[PDB]
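Data file: final-v5.csv. Format and content: CSV, N, CA and C atoms.
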```csv
chain,number,residue,atom,x,y,z
A,1,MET,N,100.9,104.7,116.6
A,1,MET,CA,100.1,103.4,116.9
A,1,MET,C,100.3,103.0,118.3
A,2,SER,N,99.2,102.8,119.0
A,2,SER,CA,99.2,102.4,120.4
A,2,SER,C,98.2,101.3,120.6
A,3,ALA,N,97.3,101.0,119.6
A,3,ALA,CA,96.3,100.0,119.5
A,3,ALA,C,96.1,99.7,118.1
A,4,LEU,N,95.1,98.8,117.8
A,4,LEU,CA,94.7,98.6,116.4
A,4,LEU,C,93.1,98.5,116.3
A,5,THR,N,92.5,99.2,117.2
A,5,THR,CA,91.0,99.3,117.2
A,5,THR,C,90.5,100.3,116.3
A,6,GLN,N,91.3,101.2,115.8
A,6,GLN,CA,90.9,102.3,115.0
A,6,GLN,C,91.5,102.3,113.6
A,7,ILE,N,90.7,102.1,112.6
A,7,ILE,CA,91.1,101.9,111.2
A,7,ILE,C,90.5,102.9,110.3
A,8,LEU,N,91.3,103.6,109.4
A,8,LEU,CA,90.8,104.5,108.4
A,8,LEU,C,90.5,103.8,107.2
A,9,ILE,N,89.6,104.3,106.4
A,9,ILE,CA,89.2,103.6,105.1
A,9,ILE,C,89.5,104.5,103.9
A,10,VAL,N,90.1,103.9,102.9
A,10,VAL,CA,90.4,104.6,101.6
A,10,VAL,C,89.8,103.8,100.5
A,11,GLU,N,88.9,104.3,99.7
A,11,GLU,CA,88.3,103.5,98.6
A,11,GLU,C,87.9,104.5,97.5
A,12,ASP,N,87.7,103.9,96.3
A,12,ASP,CA,87.4,104.6,95.1
A,12,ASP,C,85.9,104.5,94.7
A,13,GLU,N,85.1,103.7,95.3
A,13,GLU,CA,83.7,103.5,95.1
A,13,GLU,C,82.9,103.5,96.4
A,14,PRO,N,81.8,104.3,96.5
A,14,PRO,CA,81.0,104.4,97.6
A,14,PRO,C,80.4,103.0,98.0
A,15,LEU,N,80.3,102.1,97.1
A,15,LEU,CA,79.7,100.8,97.4
A,15,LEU,C,80.5,99.9,98.3
A,16,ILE,N,81.9,99.9,98.1
A,16,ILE,CA,82.8,99.2,98.9
A,16,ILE,C,83.1,100.0,100.2
A,17,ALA,N,83.0,101.3,100.1
A,17,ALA,CA,83.2,102.1,101.3
A,17,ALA,C,82.1,101.9,102.3
A,18,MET,N,80.9,101.6,101.9
A,18,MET,CA,79.8,101.3,102.8
A,18,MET,C,79.9,99.8,103.3
A,19,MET,N,80.5,99.0,102.6
A,19,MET,CA,80.8,97.6,103.0
A,19,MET,C,81.8,97.6,104.1
A,20,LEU,N,82.8,98.5,104.0
A,20,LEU,CA,83.9,98.6,105.1
A,20,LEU,C,83.3,99.1,106.3
A,21,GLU,N,82.3,100.0,106.2
A,21,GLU,CA,81.6,100.6,107.4
A,21,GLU,C,80.7,99.6,108.0
A,22,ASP,N,80.2,98.6,107.2
A,22,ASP,CA,79.3,97.6,107.7
A,22,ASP,C,80.0,96.5,108.4
A,23,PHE,N,81.1,96.0,107.9
A,23,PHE,CA,81.9,95.0,108.6
A,23,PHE,C,82.6,95.4,109.8
A,24,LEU,N,82.9,96.7,109.9
A,24,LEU,CA,83.6,97.2,111.1
A,24,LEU,C,82.5,97.4,112.3
A,25,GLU,N,81.3,97.6,111.9
A,25,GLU,CA,80.2,97.7,113.0
A,25,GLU,C,79.7,96.4,113.4
A,26,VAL,N,79.9,95.3,112.6
A,26,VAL,CA,79.4,94.0,113.0
A,26,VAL,C,80.4,93.3,113.8
A,27,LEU,N,81.7,93.6,113.7
A,27,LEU,CA,82.8,93.0,114.5
A,27,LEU,C,83.2,93.8,115.7
A,28,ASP,N,82.3,94.7,116.1
A,28,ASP,CA,82.5,95.6,117.3
A,28,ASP,C,83.8,96.4,117.2
A,29,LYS,N,84.2,96.8,116.0
A,29,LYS,CA,85.4,97.5,115.7
A,29,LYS,C,85.1,99.0,115.9
A,30,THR,N,86.1,99.9,116.1
A,30,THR,CA,85.9,101.3,116.2
A,30,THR,C,86.5,102.0,115.0
A,31,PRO,N,85.7,102.2,113.9
A,31,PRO,CA,86.1,102.9,112.7
A,31,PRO,C,86.3,104.4,113.1
A,32,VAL,N,87.1,105.1,112.3
A,32,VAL,CA,87.4,106.5,112.6
A,32,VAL,C,87.2,107.5,111.4
A,33,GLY,N,87.0,106.9,110.2
A,33,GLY,CA,86.7,107.8,109.0
A,33,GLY,C,86.8,107.1,107.7
A,34,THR,N,86.5,107.8,106.6
A,34,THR,CA,86.6,107.3,105.2
A,34,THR,C,87.0,108.5,104.3
A,35,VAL,N,87.9,108.2,103.4
A,35,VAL,CA,88.4,109.3,102.4
A,35,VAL,C,88.5,108.7,101.0
A,36,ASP,N,88.5,109.6,100.0
A,36,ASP,CA,88.6,109.2,98.6
A,36,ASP,C,90.0,109.2,98.1
A,37,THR,N,91.0,109.7,98.9
A,37,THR,CA,92.4,109.7,98.5
A,37,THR,C,93.3,109.6,99.7
A,38,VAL,N,94.6,109.1,99.4
A,38,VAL,CA,95.5,108.9,100.5
A,38,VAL,C,96.0,110.3,101.1
A,39,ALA,N,95.9,111.3,100.3
A,39,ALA,CA,96.2,112.7,100.8
A,39,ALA,C,95.2,113.1,101.9
A,40,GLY,N,94.0,112.6,101.8
A,40,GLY,CA,93.0,112.8,102.8
A,40,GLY,C,93.2,112.0,104.1
A,41,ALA,N,93.9,110.8,103.9
A,41,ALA,CA,94.2,109.9,105.0
A,41,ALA,C,95.4,110.6,105.8
A,42,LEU,N,96.3,111.3,105.1
A,42,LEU,CA,97.4,112.0,105.8
A,42,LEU,C,96.8,113.2,106.6
A,43,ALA,N,95.8,113.9,106.0
A,43,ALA,CA,95.2,115.0,106.7
A,43,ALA,C,94.4,114.5,107.9
A,44,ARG,N,94.0,113.3,108.0
A,44,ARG,CA,93.3,112.7,109.1
A,44,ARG,C,94.3,112.2,110.2
A,45,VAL,N,95.5,111.9,109.7
A,45,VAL,CA,96.6,111.4,110.6
A,45,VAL,C,97.2,112.7,111.3
A,46,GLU,N,97.1,113.8,110.7
A,46,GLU,CA,97.6,115.1,111.2
A,46,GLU,C,96.7,115.5,112.4
A,47,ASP,N,95.5,114.9,112.6
A,47,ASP,CA,94.6,115.1,113.6
A,47,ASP,C,94.7,114.1,114.7
A,48,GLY,N,95.4,113.0,114.4
A,48,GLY,CA,95.6,111.8,115.3
A,48,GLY,C,94.3,111.0,115.5
A,49,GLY,N,94.2,110.1,116.4
A,49,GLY,CA,93.1,109.3,116.7
A,49,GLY,C,92.9,108.1,115.7
A,50,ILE,N,94.1,107.7,115.1
A,50,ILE,CA,94.1,106.6,114.2
A,50,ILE,C,95.2,105.7,114.5
A,51,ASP,N,95.1,104.4,114.3
A,51,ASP,CA,96.1,103.4,114.5
A,51,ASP,C,96.6,102.7,113.3
A,52,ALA,N,95.7,102.5,112.3
A,52,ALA,CA,96.0,101.9,111.0
A,52,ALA,C,95.0,102.3,110.0
A,53,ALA,N,95.1,101.8,108.7
A,53,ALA,CA,94.2,102.1,107.7
A,53,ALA,C,94.1,101.0,106.6
A,54,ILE,N,93.1,101.0,105.8
A,54,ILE,CA,92.9,100.1,104.7
A,54,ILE,C,93.0,101.0,103.4
A,55,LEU,N,93.6,100.5,102.3
A,55,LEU,CA,93.8,101.3,101.1
A,55,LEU,C,93.7,100.4,99.9
A,56,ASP,N,92.9,100.9,98.9
A,56,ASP,CA,92.7,100.2,97.7
A,56,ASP,C,93.9,100.6,96.7
A,57,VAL,N,94.2,99.7,95.8
A,57,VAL,CA,95.2,99.9,94.8
A,57,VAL,C,94.6,100.4,93.5
A,58,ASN,N,93.3,100.4,93.4
A,58,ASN,CA,92.5,100.9,92.2
A,58,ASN,C,92.4,102.4,92.2
A,59,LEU,N,93.3,103.1,92.8
A,59,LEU,CA,93.3,104.6,92.9
A,59,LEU,C,93.3,105.2,91.4
A,60,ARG,N,92.8,106.4,91.3
A,60,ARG,CA,92.7,107.1,90.0
A,60,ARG,C,94.1,107.7,89.7
A,61,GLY,N,94.5,107.7,88.4
A,61,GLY,CA,95.7,108.2,88.0
A,61,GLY,C,96.9,107.3,88.5
A,62,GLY,N,98.1,107.8,88.2
A,62,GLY,CA,99.3,107.0,88.6
A,62,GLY,C,99.5,105.7,87.9
A,63,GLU,N,100.3,104.8,88.5
A,63,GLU,CA,100.5,103.5,87.9
A,63,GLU,C,100.3,102.4,88.9
A,64,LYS,N,99.0,102.2,89.3
A,64,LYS,CA,98.6,101.2,90.3
A,64,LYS,C,99.5,101.3,91.6
A,65,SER,N,100.0,102.4,91.9
A,65,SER,CA,100.8,102.6,93.1
A,65,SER,C,100.7,104.0,93.6
A,66,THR,N,101.1,104.3,94.9
A,66,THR,CA,101.0,105.6,95.5
A,66,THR,C,102.2,105.7,96.5
A,67,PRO,N,102.9,106.9,96.5
A,67,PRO,CA,104.0,107.2,97.4
A,67,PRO,C,103.5,107.7,98.7
A,68,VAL,N,102.2,108.1,98.8
A,68,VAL,CA,101.7,108.7,100.0
A,68,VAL,C,101.4,107.6,101.1
A,69,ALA,N,101.2,106.4,100.7
A,69,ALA,CA,101.0,105.3,101.7
A,69,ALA,C,102.3,105.2,102.5
A,70,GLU,N,103.5,105.4,102.0
A,70,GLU,CA,104.7,105.3,102.7
A,70,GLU,C,104.9,106.5,103.7
A,71,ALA,N,104.1,107.6,103.5
A,71,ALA,CA,104.1,108.7,104.5
A,71,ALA,C,103.3,108.3,105.7
A,72,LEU,N,102.3,107.4,105.5
A,72,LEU,CA,101.5,106.9,106.6
A,72,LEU,C,102.4,105.9,107.4
A,73,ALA,N,103.3,105.2,106.7
A,73,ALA,CA,104.2,104.3,107.4
A,73,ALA,C,105.3,105.0,108.1
A,74,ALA,N,105.5,106.3,107.7
A,74,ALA,CA,106.5,107.1,108.3
A,74,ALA,C,106.0,107.8,109.6
A,75,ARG,N,104.7,107.9,109.7
A,75,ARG,CA,104.0,108.5,110.8
A,75,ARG,C,103.4,107.4,111.8
A,76,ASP,N,104.0,106.2,111.8
A,76,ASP,CA,103.7,105.1,112.6
A,76,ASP,C,102.2,104.8,112.6
A,77,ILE,N,101.6,104.8,111.4
A,77,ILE,CA,100.2,104.4,111.2
A,77,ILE,C,100.2,103.5,109.9
A,78,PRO,N,100.3,102.2,110.1
A,78,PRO,CA,100.4,101.2,109.1
A,78,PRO,C,99.2,101.1,108.2
A,79,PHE,N,99.3,100.5,107.0
A,79,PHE,CA,98.3,100.3,106.0
A,79,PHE,C,98.3,98.9,105.4
A,80,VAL,N,97.2,98.6,104.7
A,80,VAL,CA,97.0,97.4,104.0
A,80,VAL,C,96.5,97.6,102.6
A,81,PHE,N,97.0,96.9,101.6
A,81,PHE,CA,96.5,97.0,100.2
A,81,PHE,C,95.3,96.1,99.9
A,82,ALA,N,94.4,96.6,99.0
A,82,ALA,CA,93.3,95.8,98.6
A,82,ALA,C,93.0,96.0,97.1
A,83,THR,N,92.6,95.0,96.4
A,83,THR,CA,92.4,95.1,95.0
A,83,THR,C,91.5,93.9,94.5
A,84,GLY,N,90.8,94.1,93.3
A,84,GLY,CA,90.1,93.0,92.7
A,84,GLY,C,90.9,92.6,91.4
A,85,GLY,N,91.4,91.4,91.4
A,85,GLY,CA,92.2,90.9,90.3
A,85,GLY,C,93.2,89.9,90.8
A,86,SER,N,94.2,89.6,89.9
A,86,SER,CA,95.3,88.7,90.2
A,86,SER,C,96.3,89.3,91.1
A,87,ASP,N,97.1,88.5,91.8
A,87,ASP,CA,98.1,89.0,92.8
A,87,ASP,C,99.4,89.4,92.0
A,88,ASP,N,99.5,89.2,90.7
A,88,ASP,CA,100.7,89.5,89.9
A,88,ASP,C,100.6,91.0,89.4
A,89,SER,N,99.4,91.7,89.6
A,89,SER,CA,99.2,93.0,89.1
A,89,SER,C,99.8,94.1,90.0
A,90,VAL,N,100.7,93.7,91.0
A,90,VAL,CA,101.3,94.6,91.9
A,90,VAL,C,102.8,94.2,92.1
A,91,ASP,N,103.6,95.1,92.5
A,91,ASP,CA,105.1,94.9,92.7
A,91,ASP,C,105.3,94.2,94.0
A,92,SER,N,106.5,93.7,94.2
A,92,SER,CA,106.9,92.9,95.3
A,92,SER,C,106.7,93.6,96.7
A,93,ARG,N,106.5,94.9,96.7
A,93,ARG,CA,106.3,95.7,97.9
A,93,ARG,C,104.9,95.5,98.4
A,94,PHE,N,104.0,95.1,97.4
A,94,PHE,CA,102.6,94.8,97.8
A,94,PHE,C,102.5,93.4,98.2
A,95,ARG,N,103.5,92.5,97.7
A,95,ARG,CA,103.5,91.1,98.1
A,95,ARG,C,104.2,90.9,99.4
A,96,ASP,N,104.9,91.9,99.9
A,96,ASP,CA,105.5,91.9,101.3
A,96,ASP,C,104.6,92.4,102.3
A,97,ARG,N,103.7,93.4,102.0
A,97,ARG,CA,102.7,93.9,102.9
A,97,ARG,C,101.5,93.0,102.8
A,98,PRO,N,100.6,93.1,103.7
A,98,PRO,CA,99.3,92.3,103.7
A,98,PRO,C,98.4,92.8,102.5
A,99,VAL,N,97.6,91.9,102.0
A,99,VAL,CA,96.7,92.1,100.9
A,99,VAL,C,95.3,91.6,101.1
A,100,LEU,N,94.3,92.2,100.4
A,100,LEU,CA,92.9,91.8,100.5
A,100,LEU,C,92.3,91.9,99.2
A,101,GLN,N,91.2,91.1,99.0
A,101,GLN,CA,90.4,91.1,97.8
A,101,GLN,C,89.3,92.2,97.9
A,102,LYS,N,88.7,92.5,96.8
A,102,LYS,CA,87.7,93.6,96.7
A,102,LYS,C,86.4,93.2,97.5
A,103,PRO,N,85.8,92.1,97.2
A,103,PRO,CA,84.6,91.7,97.9
A,103,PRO,C,84.9,91.2,99.3
A,104,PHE,N,84.0,91.6,100.3
A,104,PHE,CA,84.2,91.2,101.7
A,104,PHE,C,83.1,90.2,102.1
A,105,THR,N,83.4,89.3,103.0
A,105,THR,CA,82.5,88.3,103.6
A,105,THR,C,83.0,88.0,105.0
A,106,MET,N,82.1,87.4,105.8
A,106,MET,CA,82.4,87.1,107.2
A,106,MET,C,83.7,86.3,107.4
A,107,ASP,N,84.0,85.5,106.5
A,107,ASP,CA,85.2,84.6,106.6
A,107,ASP,C,86.5,85.4,106.1
A,108,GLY,N,86.3,86.3,105.1
A,108,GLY,CA,87.5,87.1,104.6
A,108,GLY,C,87.8,88.3,105.5
A,109,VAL,N,86.8,88.8,106.2
A,109,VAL,CA,87.0,89.9,107.1
A,109,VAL,C,87.6,89.4,108.4
A,110,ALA,N,87.4,88.2,108.9
A,110,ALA,CA,88.0,87.7,110.1
A,110,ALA,C,89.5,87.5,109.8
A,111,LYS,N,89.9,87.1,108.6
A,111,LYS,CA,91.3,86.9,108.2
A,111,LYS,C,91.9,88.3,107.9
A,112,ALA,N,91.1,89.3,107.5
A,112,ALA,CA,91.7,90.6,107.2
A,112,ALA,C,92.1,91.3,108.5
A,113,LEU,N,91.4,91.2,109.6
A,113,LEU,CA,91.7,91.8,110.8
A,113,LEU,C,92.8,91.0,111.5
A,114,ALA,N,92.8,89.7,111.3
A,114,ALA,CA,93.9,88.8,111.8
A,114,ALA,C,95.2,89.0,111.1
A,115,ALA,N,95.2,89.6,109.9
A,115,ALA,CA,96.4,89.9,109.2
A,115,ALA,C,96.9,91.3,109.5
A,116,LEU,N,96.0,92.2,110.1
A,116,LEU,CA,96.4,93.5,110.5
A,116,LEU,C,96.9,93.6,111.9
A,117,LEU,N,96.1,93.0,112.8
A,117,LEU,CA,96.3,93.0,114.3
A,117,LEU,C,97.5,92.0,114.6
A,118,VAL,N,98.1,91.4,113.6
A,118,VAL,CA,99.2,90.5,113.9
A,118,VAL,C,100.4,90.8,112.9
```

File written out as structure tokens:
Amino acid sequence: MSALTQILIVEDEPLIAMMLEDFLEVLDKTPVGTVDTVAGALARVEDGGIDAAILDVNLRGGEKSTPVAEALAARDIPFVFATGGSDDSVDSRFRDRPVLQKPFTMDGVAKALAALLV
């Protein structure tokens, strides 16, 4: 990490993946890619050119958690959790890291980047 202008996207549905590409182009942000799994986000960090990422908790399989996100934190490329539901559906490790709701809007995206860039 040397800036926070470049964010990777990880999502389980193409509908929200296209919303993340839309809000990053309206806020003059520099997006760098999108993947369906965190193992693909690690393969994109092996190529560099990334500073942070967004990650959904609604991943397939497992128990609403992933150990691969911590490998991104071990490669100095931070991440953020996102989910649709109550805030009690995740462990205290998700309550210590930044969190986001599933639907995006001009007010919620301004607070999402202010929670990442700070």

Secondary structure check, helix (DSSP H, G or I) residues of chain A, as a PyMOL selection string:
chain A and resi 14-26+38-45+69-74+92-96+106-116

How far is it from CA of residue 33 (chain A) to CA of residue 92 (chain A), in Å with one decimal?
28.6 Å

Between CA of residue 40 (chain A) and CA of residue 62 (chain A), what is the spacing in Å?
16.6 Å

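Distances from A:31, A:56, A:79, A:19 to residue 115 (chain A) were compared using only C-alpha atoms, and the smallest one belongs to A:79.
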
Using DSSP on the backbone, list every residue of region 18-102 of chain A that comes out as strand (DSSP E or B), and give them as a PyMOL selection string.
chain A and resi 33-35+52-56+79-83+99-101

Hey, can you spit out that residue selection with N, CA and C atoms as a CSV table (one decimal), in the coordinates of the input?
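So selection.csv came out as:
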```csv
chain,number,residue,atom,x,y,z
A,33,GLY,N,87.0,106.9,110.2
A,33,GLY,CA,86.7,107.8,109.0
A,33,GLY,C,86.8,107.1,107.7
A,34,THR,N,86.5,107.8,106.6
A,34,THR,CA,86.6,107.3,105.2
A,34,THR,C,87.0,108.5,104.3
A,35,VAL,N,87.9,108.2,103.4
A,35,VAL,CA,88.4,109.3,102.4
A,35,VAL,C,88.5,108.7,101.0
A,52,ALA,N,95.7,102.5,112.3
A,52,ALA,CA,96.0,101.9,111.0
A,52,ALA,C,95.0,102.3,110.0
A,53,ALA,N,95.1,101.8,108.7
A,53,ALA,CA,94.2,102.1,107.7
A,53,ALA,C,94.1,101.0,106.6
A,54,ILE,N,93.1,101.0,105.8
A,54,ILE,CA,92.9,100.1,104.7
A,54,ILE,C,93.0,101.0,103.4
A,55,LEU,N,93.6,100.5,102.3
A,55,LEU,CA,93.8,101.3,101.1
A,55,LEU,C,93.7,100.4,99.9
A,56,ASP,N,92.9,100.9,98.9
A,56,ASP,CA,92.7,100.2,97.7
A,56,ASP,C,93.9,100.6,96.7
A,79,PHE,N,99.3,100.5,107.0
A,79,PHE,CA,98.3,100.3,106.0
A,79,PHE,C,98.3,98.9,105.4
A,80,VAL,N,97.2,98.6,104.7
A,80,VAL,CA,97.0,97.4,104.0
A,80,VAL,C,96.5,97.6,102.6
A,81,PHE,N,97.0,96.9,101.6
A,81,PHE,CA,96.5,97.0,100.2
A,81,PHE,C,95.3,96.1,99.9
A,82,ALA,N,94.4,96.6,99.0
A,82,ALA,CA,93.3,95.8,98.6
A,82,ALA,C,93.0,96.0,97.1
A,83,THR,N,92.6,95.0,96.4
A,83,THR,CA,92.4,95.1,95.0
A,83,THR,C,91.5,93.9,94.5
A,99,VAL,N,97.6,91.9,102.0
A,99,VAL,CA,96.7,92.1,100.9
A,99,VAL,C,95.3,91.6,101.1
A,100,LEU,N,94.3,92.2,100.4
A,100,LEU,CA,92.9,91.8,100.5
A,100,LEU,C,92.3,91.9,99.2
A,101,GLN,N,91.2,91.1,99.0
A,101,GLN,CA,90.4,91.1,97.8
A,101,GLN,C,89.3,92.2,97.9
```

Give me the residues within 12 Å of residue 105 (chain A) as a PDB file with N, CA and C atoms, in the coordinates of the input, counting only C-alpha atoms and dropping any in the same chain fewer than 5 places off.
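Once written, around.pdb looks like this:
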```pdb
ATOM      1  N   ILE A  16      81.900  99.900  98.100  1.00  0.00           N
ATOM      2  CA  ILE A  16      82.800  99.200  98.900  1.00  0.00           C
ATOM      3  C   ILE A  16      83.100 100.000 100.200  1.00  0.00           C
ATOM      4  N   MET A  19      80.500  99.000 102.600  1.00  0.00           N
ATOM      5  CA  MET A  19      80.800  97.600 103.000  1.00  0.00           C
ATOM      6  C   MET A  19      81.800  97.600 104.100  1.00  0.00           C
ATOM      7  N   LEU A  20      82.800  98.500 104.000  1.00  0.00           N
ATOM      8  CA  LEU A  20      83.900  98.600 105.100  1.00  0.00           C
ATOM      9  C   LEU A  20      83.300  99.100 106.300  1.00  0.00           C
ATOM     10  N   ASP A  22      80.200  98.600 107.200  1.00  0.00           N
ATOM     11  CA  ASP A  22      79.300  97.600 107.700  1.00  0.00           C
ATOM     12  C   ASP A  22      80.000  96.500 108.400  1.00  0.00           C
ATOM     13  N   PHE A  23      81.100  96.000 107.900  1.00  0.00           N
ATOM     14  CA  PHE A  23      81.900  95.000 108.600  1.00  0.00           C
ATOM     15  C   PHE A  23      82.600  95.400 109.800  1.00  0.00           C
ATOM     16  N   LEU A  24      82.900  96.700 109.900  1.00  0.00           N
ATOM     17  CA  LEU A  24      83.600  97.200 111.100  1.00  0.00           C
ATOM     18  C   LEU A  24      82.500  97.400 112.300  1.00  0.00           C
ATOM     19  N   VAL A  26      79.900  95.300 112.600  1.00  0.00           N
ATOM     20  CA  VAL A  26      79.400  94.000 113.000  1.00  0.00           C
ATOM     21  C   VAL A  26      80.400  93.300 113.800  1.00  0.00           C
ATOM     22  N   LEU A  27      81.700  93.600 113.700  1.00  0.00           N
ATOM     23  CA  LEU A  27      82.800  93.000 114.500  1.00  0.00           C
ATOM     24  C   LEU A  27      83.200  93.800 115.700  1.00  0.00           C
ATOM     25  N   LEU A 100      94.300  92.200 100.400  1.00  0.00           N
ATOM     26  CA  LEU A 100      92.900  91.800 100.500  1.00  0.00           C
ATOM     27  C   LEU A 100      92.300  91.900  99.200  1.00  0.00           C
ATOM     28  N   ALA A 110      87.400  88.200 108.900  1.00  0.00           N
ATOM     29  CA  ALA A 110      88.000  87.700 110.100  1.00  0.00           C
ATOM     30  C   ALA A 110      89.500  87.500 109.800  1.00  0.00           C
ATOM     31  N   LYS A 111      89.900  87.100 108.600  1.00  0.00           N
ATOM     32  CA  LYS A 111      91.300  86.900 108.200  1.00  0.00           C
ATOM     33  C   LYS A 111      91.900  88.300 107.900  1.00  0.00           C
ATOM     34  N   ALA A 112      91.100  89.300 107.500  1.00  0.00           N
ATOM     35  CA  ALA A 112      91.700  90.600 107.200  1.00  0.00           C
ATOM     36  C   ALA A 112      92.100  91.300 108.500  1.00  0.00           C
TER      37      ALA A 112
END
```

Of the candidates A:54, A:35, A:17, A:10, which shows the shortest atom-to-atom distance to residue 113 (chain A), using only C-alpha atoms?
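Among A:54, A:35, A:17, A:10, it is A:54 that comes nearest to residue 113 (chain A).
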
If we count only C-alpha atoms and set the cut-off at 12 Å, which residues sit around residue 93 (chain A), ignoring sequence neighbours fewer than 6 positions away in its own chain? Please answer as a list in words.
residues 65, 66, 67, 69, 70, 80, 81, 87 and 99 of chain A
